[PDB]
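Below is one structure, written out as structure tokens, with a few remarks after it.
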Amino acid sequence: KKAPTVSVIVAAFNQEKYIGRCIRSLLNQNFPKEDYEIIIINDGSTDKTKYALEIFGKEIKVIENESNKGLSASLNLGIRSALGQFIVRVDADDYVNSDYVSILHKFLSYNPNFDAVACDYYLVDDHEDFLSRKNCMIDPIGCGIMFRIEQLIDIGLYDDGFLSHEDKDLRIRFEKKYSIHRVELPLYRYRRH
């Protein structure tokens, strides 16, 4: 097989309500199938999440924890298993536009000087109505940032407890040496809860 260049990570604990829309949007990318992979961690769900993942068969890669290990352990498992050099986390209750992966990857591929990229997003409700558009630098979120794997490793990604810390604190650690470049397109969809 050809190694994918982009690995998408989704940590999922009891996400039966939204995980279907999430995965469908990731499978509906205009990026070539051979160039990315979708890695879902079922972190000990007790609802229909396991069945939801079975729906999609071999189109996704599933890591199943027998019991709930938590976000940091789950993200560690998913990223360690990832084959791509670009890594992005998508929340299980979020979803993305069909050009999301291709455009973020294009900006990284053509601009080695850009360490990581994120794009703007819409706040959406449970019926996928766009409530408002957010600038990702004014209102940063913890998901949807495409990173270069070795830069994450450089700042201590795999250290015990690192990925359990608050999003704002992880961002500070990344921005000590690196910078996130904003792509001025609203291609991510962030669920209001």
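Bear in mind these aren't lab numbers, they're just calculated from the coordinates by the rules spelled out. Neighbour counts run over all protein chains shown; Cβ positions are idealised from the backbone, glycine included.
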Open item on the list: Using amide H atoms built in the peptide plane, which far-off residues or other-chain residues are under 5 Å from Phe13 H to H?
Closed with: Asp43
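Could you calculate the FRET efficiency of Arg192 with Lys69 from 1/(1 + (r/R0)^6), where r is the beta carbon distance between them and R0 is 25 Å, rounded to 0.05? If you can, show how the numbers build up before the last one.
Values: r = 27 Å, r/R0 = 1.09.
The pair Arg192/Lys69 has a calculated efficiency of 0.35.
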Task: Gain in span if fully extended, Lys2 to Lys106, counting 0.36 nm per residue against the direct Cα distance - done: 35.6 nm
Task: Check: the range 44-179 dipole with +1 on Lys, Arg Cβ and -1 on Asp, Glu Cβ, in debye - done: 520 debye
- [ ] Give the order of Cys119, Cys136, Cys143 when sorted by the count of other beta carbons within 10 angstrom, beginning with the fewest.
- [x] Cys143, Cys136, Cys119
Open item on the list: From the helices alone, meaning DSSP H stretches of at least four residues, give me the mean residue ellipticity at 222 nm for the chain, per-run term -39500 (n - 2.57), in deg cm²/dmol to the nearest 500.
Closed with: -7500 deg cm²/dmol
Open item on the list: Test of understanding: what is the full-extension gain from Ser98 to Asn135, defined as 0.36 nm times their sequence separation minus their Cα-Cα distance?
Closed with: 11.4 nm
TODO: Note down the Stokes-Einstein diffusion coefficient of the chain in µm²/s, whole number, using a Kirkwood radius over alpha carbon pairs, 25 °C, and 0.890 mPa s.
DONE: 146 µm²/s
Open item on the list: Placing +1 on the Cβ of each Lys and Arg and -1 on the Cβ of each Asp and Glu in the chain, which of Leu83, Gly70, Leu123 has its Cα farthest towards the positive end of the resulting dipole?
Closed with: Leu83
Open item on the list: So if I take the centroid of the Cα atoms in the range 132-193 and the same for the range 15-34, what is the distance between those two points in Å?
Closed with: 20 Å
Open item on the list: With the crude spin-label approximation of a point 7 Å out along Cα→Cβ, what separation in nm comes out for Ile149 versus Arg171?
Closed with: 2.6 nm
